[PDB]
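No value in this document is a laboratory result; all are computed from the given coordinates. No Cβ is skipped: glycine too gets one built from the backbone with ideal geometry, and neighbour counts run over all protein chains shown.
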Amino acid sequence: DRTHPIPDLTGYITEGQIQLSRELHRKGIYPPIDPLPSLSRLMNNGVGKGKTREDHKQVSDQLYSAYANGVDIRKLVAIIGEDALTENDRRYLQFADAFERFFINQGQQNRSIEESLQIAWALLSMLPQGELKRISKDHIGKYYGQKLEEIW
Amino acid sequence: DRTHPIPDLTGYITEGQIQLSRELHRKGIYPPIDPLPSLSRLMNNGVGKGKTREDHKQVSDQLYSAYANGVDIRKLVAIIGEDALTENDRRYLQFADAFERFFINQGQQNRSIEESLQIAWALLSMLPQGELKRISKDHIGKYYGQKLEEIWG
Amino acid sequence: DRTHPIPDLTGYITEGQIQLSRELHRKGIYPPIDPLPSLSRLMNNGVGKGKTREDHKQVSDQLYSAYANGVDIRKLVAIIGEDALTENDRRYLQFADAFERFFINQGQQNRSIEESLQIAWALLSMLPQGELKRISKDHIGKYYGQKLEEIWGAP
Amino acid sequence: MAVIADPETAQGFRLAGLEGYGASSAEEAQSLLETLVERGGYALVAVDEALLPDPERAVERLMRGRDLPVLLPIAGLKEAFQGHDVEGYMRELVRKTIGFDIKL
Amino acid sequence: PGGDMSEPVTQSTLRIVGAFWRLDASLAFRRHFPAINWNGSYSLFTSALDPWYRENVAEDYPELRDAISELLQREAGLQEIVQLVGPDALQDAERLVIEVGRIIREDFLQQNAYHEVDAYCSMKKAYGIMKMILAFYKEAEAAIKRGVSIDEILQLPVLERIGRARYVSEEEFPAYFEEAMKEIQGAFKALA
Amino acid sequence: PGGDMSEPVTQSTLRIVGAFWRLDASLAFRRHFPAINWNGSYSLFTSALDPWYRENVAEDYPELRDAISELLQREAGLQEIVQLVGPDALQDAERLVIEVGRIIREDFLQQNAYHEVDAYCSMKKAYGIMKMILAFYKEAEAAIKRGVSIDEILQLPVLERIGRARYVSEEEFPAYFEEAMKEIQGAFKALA
Amino acid sequence: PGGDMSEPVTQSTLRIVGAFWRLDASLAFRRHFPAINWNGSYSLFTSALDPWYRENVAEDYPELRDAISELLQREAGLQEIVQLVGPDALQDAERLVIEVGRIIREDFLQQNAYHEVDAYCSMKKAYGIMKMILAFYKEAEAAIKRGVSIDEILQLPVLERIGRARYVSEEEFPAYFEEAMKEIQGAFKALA
Amino acid sequence: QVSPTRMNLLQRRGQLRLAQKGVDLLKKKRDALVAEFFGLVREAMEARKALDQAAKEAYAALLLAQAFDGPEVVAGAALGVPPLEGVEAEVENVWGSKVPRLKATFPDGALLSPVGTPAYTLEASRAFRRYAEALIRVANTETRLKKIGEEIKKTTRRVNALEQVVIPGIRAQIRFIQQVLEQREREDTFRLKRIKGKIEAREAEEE
């Protein structure tokens, strides 16, 4: 829990948090980092045009919104019947699965920032161009489409 | 909470409390007084026949019984859903919010004891006889039978 | 509560406990001992052949399992119904009903270990053979089959 | 009772003293099922299988209470040579009904 | 002090006393007086007052008391299931136990200390009330095993007699008790 | 320290202040900033700032605010039985209250402070977004009873025009607002 | 004293030890001796003891160690369907998973300490039984991929050899392991 | 909110025990419902198989009927028969839930011209009578089956929801109350050490 004196007096001082989740580790996923309860309170300075690649903030925000929707409707359909759902619902479920199976579970390798961003675009090409509401159309025109079974 | 030493020792010296609820204040009700934890101790010295009116203590007891049934049946509604209720259970559940929206909820208005007693009787008319087992028979014979559309308009 | 320091340290020193239940006392039973949270940690050393009888531990284990799955069937029949159970479930229900008013509800009758095991086999005779899984077949062949209204240990 | 099965099959149904219809056209038969729920023909409706795979659609749209038209996924005489997987229909019953895909 | 009976005064008198009478606030929020918590109260004298009861109240008094106590125990046992699942999805015997527990808590245990009659109660009167409630329970239980509906026993008119039985005077209480008992057997006989 | 508003410093400062702006931790893990708990925070200056509102933002500004607040309260009470049963057993208006409540808590009650133009919001722009939301709800609930599915009323192209209304400038906003009111009033006339 | 693992002592011990071997009283009630729960035990020395295994036992020893841990993972992973239904209505391969997990439990993990030669089991004997169980599993899986029914796999005389695989002296285990591993390939090429 | 006391802590422990008993109670209820579902599903497939048999036989009878006899006259015989009204449905109050079981009237003595000048409408009449009997039997089998299945999934989602929601909520409340009671105890044993130092200072000032 975060309500212990050591994590709350640490979170009161520092510039963000990254939380290892036990539920990711139970599936053998390494390194287990769920991006929902974690953030860098900075990073709106250290990303963008000329520091990293120019799409970075939009890609990160779209990945977080899409995986948050995926895990939320996973928890939804995990109690109701698995039917009575639309199609992009199932696309968000498969996005969450392929996200936590390829993007998170890297298994002790030195991925570059360009390599991890093309893994991110390979996962974002599992969704329609309309559903990427937070990425502007120039980055959709340059990127949006690869084979995630090719780059791995 | 009532557990803290200041209101606890206060309620041990004093005789009665009028306890406000935050649960009714967020609903938009003034004065936000939930009647269950609030109690006037020596109410029985100032009520009754020849002091205000002869029905008053039994009307108070039946209001408390019916509103406590509404309050603890809201939890049962919350854990089995709305549609699985018997009749008289929806009648208690309607007594509860009619109570909270008409008897407690007033404005800055000054209501004497007769308007308050006829609104209490108009809310008690939402329940049939045989549930009103704390009011005697002459009182329920000469005061029952008024709706909410006659206490105002 | 068993998290208070006095019973916590006492159970942290002693060898088991026997625990009175308020539920059996209000139901009206003396001595009000439920055997489900009770435990004798040093029981199995002091029973057997030459100590009491060869079937003592297995009778104890079978009565514990049979009462422990009779109580929850009694709790289950409140929402299912008597006719909508199987045969064995009604047999365990009648076992629990007879157990906690002939075995626990002793009164102030003095029972030796032979009358107590006689009542225990009269209670196990309600359940059919083959459901008595935790007893050897020699002891079942010797002792299964006995009426409760013949022994008069608890008539 | 009532069916919407086939324009040829309903004649024997009327011969049995029983109302029956026929459209053999899926969206039109869904419209007929809508107006037949609305003119409720004694609370029992049989709908052809390769006309509507699921009969539940009109009732789950309109009448979410009391399940008055008892809906039966009835077959037709075109597939009365083979029966088209009675036990496969039971497997999809089990999977649709408890969620779990089991066999024996 | 905190409302909690886990104090150096309360759990010292709780050791050195017999006949402990615990008042809860939940039975006093709804005006159900006296607010005796039945589950947290006891008395160590029920086995020493037995021959006095058999001589000066009636002969079958403590068996009637023990049956009242085991009905309250069966109610408090079914309270877990009925607060989890609901008042429905019980069977009819268990629902009869819960409604007889309600009629005990509302017509025998409850007593307002300001009405003219029913501030004092001789134990002949309490014995009569318990005898009426047990006669109702045993005959309704026998009538519901062979098969009658629940909630037509809850609509019977003798419940008014058992409910107002704690308000009648002790002078005309046998002339009320005989009529109410015969009305119990007559209403259950005409019931089928 | 631990969330836990029962602190000495928090309950000591809570008796004296006139506005209490509670932040959540369950609501800042969805990156829903600002994380003010709209059910639990309170103000005491609302009754005193009403003539300033009536002379400087609108005339029906307090009533529009109270309608927004009671929609939020209704959605907050309704969301627990949604978490019970799911989005199926909601009747028809029980679902439209949820959709208008989500448009509120993703358009009105959400503000970036890193965007260039969605960091400041004068009273006119918040009042315009409030009129758009309450016009949509008022003219869609009256249109849901003329035989319109709930799964048709959501996929209009005007719901995006509501949703991105918090990204326009203070000068572009009145010309955006009257055209969005024309679109809301005209996208329900063709509705069937 | 409570039986729960959240006292300060057990937490500090789990912080500063390198292995934890959760004995549970349910397994000894089920007569599974030793009563080590494997779902709650852990050992951090697996990644560091790698070259000793690779040299002194076999070069593939951690791979089939992870394979047996994978089978014991998947049996308790799909334990809920077995508890809800029963093992005779699982599909084909899931019943093969529960039966090979059963033979892991009732042969490999379970061990009689009061036996003559089952009291001790070295690394070569454990590797032999380990490879024997895993070879039977991933050859019966291919026998199901042929389309052979589950019933003829279970009643089969070579499983008695895997049953008495552990009641064999280590003098005579390199005269037993080869013949049993030939019998597995023979009795799974003799089938259809 | 929750008042931090010792009595509230024992109340939360008690209803934690009640929830841990209710999990077992609901799982035993589900283990009964599963057995009755598996009992009903074999009877459902048997009823559907008899439906298939009666379908093939009645279809063969109808095709040979209006093949040898005219379709016009068997249509007129169909249009002469009344609709046989009075088929209905009554209570099956299983698990406190009424499901409608259905049956018809079907008068057998008053057949319109049992010496029928069509010699195949009587056989087709008996065939479709057995067909409608097979339909109503499959109907009141499968509505019971669907009710039992939705009761199983309702109990299962209630078990999983009660566990995954109000087991760790009660555990979090218990842990919070235990921590704040330990806090108050630690404050008391600070005050006792301070007062023992102040008792000792009296002697050193007595000197």
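For the stretch G:133-148, a residue qualifies if it is out of contact with any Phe, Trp or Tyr (no Cβ under 7 Å at 6 or more places or on another chain) and not small (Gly, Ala, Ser), and the qualifying residues are G:134, G:136, G:137, G:138, G:141, G:144, G:145, G:146, G:148. Taken over the stretch E:76-113, the residue count meeting the criterion of being part of a helix (DSSP H, G or I), away from chain B (no Cβ under 14 Å) and among the polar types (S, T, N, Q) is 0. Checked against (1) within 13 Å of the chain's Cα centre (by Cα); (2) under 20 Å from residue E:113 (Cβ atoms), residue B:67 passes all but condition (2). Remark: residue A:2 matches the filter, which requires a residue to be out of contact with any strand residue (DSSP E or B) (no Cβ under 8 Å at 6 or more places or on another chain), part of a loop (DSSP other than H, G, I, E, B) and either within 20 Å of residue F:27 (Cα to Cα) or of a type in the set (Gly, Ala, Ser) (or both).
Taking the criterion of being in a helix (DSSP H, G or I) and within 10 Å of chain E (Cβ to nearest Cβ), the residues of the stretch B:37-57 that qualify are B:44, B:57. On the stretch given as the stretch E:16-29, residues that are buried (at least 16 other Cβ atoms within 10 Å of the Cβ) and more than 19 Å from residue B:3 (Cα to Cα) total 0. Taken over the stretch G:30-45, the residue count meeting the criterion of being away from every other protein chain (no Cβ under 14 Å) and either of a type in the set (S, T, N, Q) or surrounded by 12 or more Cβ atoms within 10 Å (Cβ to Cβ) (or both) is 9. Under the condition of being among the acidic types (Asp, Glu), under 17 Å from the mean Cα position of the chain (by Cα) and in a helix (DSSP H, G or I), the residues counted in the stretch F:55-75 number 4. Evaluating residue A:85 against the criteria (1) more than 19 Å from residue A:38 (Cβ to Cβ); (2) in a helix (DSSP H, G or I) leaves one unmet condition, (2). Determine, yes or no, whether residue A:20 is aliphatic (A, V, I, L, M) and touching a helix residue (DSSP H, G or I) at 6+ places or on another chain (Cβ under 7 Å). In short, no. Yes or no: the stretch H:125-139 includes at least one residue that is assigned to a loop (DSSP other than H, G, I, E, B), among the aliphatic types (A, V, I, L, M), surrounded by 12 or more Cβ atoms within 10 Å (Cβ to Cβ) and facing chain D (nearest Cβ under 10 Å). Scanning the stretch H:125-139 turns up no residue that is assigned to a loop (DSSP other than H, G, I, E, B), among the aliphatic types (A, V, I, L, M), surrounded by 12 or more Cβ atoms within 10 Å (Cβ to Cβ) and facing chain D (nearest Cβ under 10 Å). Please specify each residue of the stretch A:75-114 satisfying the condition of being within 14 Å of chain F (Cβ to nearest Cβ) and surrounded by 14 or more Cβ atoms within 10 Å (Cβ to Cβ). A:76, A:77, A:79, A:80, A:81, A:85, A:88, A:89, listed by residue number.
Of the listed requirements (1) more than 19 Å from residue F:34 (Cα to Cα); (2) of a type outside the set (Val, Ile, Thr); (3) in contact (Cβ under 8 Å) with a residue 40 or more places away in the chain, residue F:123 misses just one: (1). Residue A:117: of a type in the set (A, V, I, L, M, F, W, C), surrounded by 12 or more Cβ atoms within 10 Å (Cβ to Cβ) and within 14 Å of chain F (Cβ to nearest Cβ), yes or no? Answer is no for this residue.
Apart from one condition, residue A:151 fits all of (1) in contact with a helix residue (DSSP H, G or I) (Cβ under 7 Å, 6 or more places away or on another chain); (2) of a type in the set (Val, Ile, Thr); (3) under 24 Å from residue F:161 (Cα atoms); the exception is (3).
The set of residues from the stretch D:20-60 being assigned to a loop (DSSP other than H, G, I, E, B) and crowded, with 16+ Cβ neighbours inside 10 Å comprises D:20, D:22, D:23, D:24, D:41, D:42, D:43, D:49, D:51, D:52, D:55.
Do any helices (runs of 4 or more DSSP H) entirely within the stretch C:105-155 hold 3 or more residues that are under 16 Å from the mean Cα position of the chain (by Cα), and if so, which? Those helices (runs of 4 or more DSSP H) span C:113-124.
Within the stretch F:130-162, the residues that satisfy the criterion of being loosely packed, with under 15 Cβ neighbours inside 10 Å and within 24 Å of residue F:109 (Cα to Cα) are F:138, F:154, F:155, F:157, F:160. Scanning the stretch D:68-104 for residues that are within 19 Å of residue A:83 (Cβ to Cβ), part of a loop (DSSP other than H, G, I, E, B) and within 7 Å of chain H (Cβ to nearest Cβ) yields one hit, D:99. Is it the case, given these coordinates, that residue D:79 is touching a residue at least 12 places away in the same chain (Cβ under 8 Å), charged (D, E, K, R) and over 25 Å from residue H:44 (Cα atoms)? Judged against the criteria, residue D:79 is not a match.
If you go through the stretch A:1-15 and keep only what is surrounded by 15 or more Cβ atoms within 10 Å (Cβ to Cβ) and more than 12 Å from chain F (Cβ to nearest Cβ), you end up with nothing. Scanning the stretch B:16-62 for residues that are touching a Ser or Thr at 6+ places or on another chain (Cβ under 8 Å) and surrounded by fewer than 13 Cβ atoms within 10 Å (Cβ to Cβ) yields a total of 3. Apart from one condition, residue H:112 fits all of (1) crowded, with 16+ Cβ neighbours inside 10 Å; (2) farther than 30 Å from residue E:83 by Cβ; (3) touching a residue at least 24 places away in the same chain (Cβ under 8 Å); the exception is (1).
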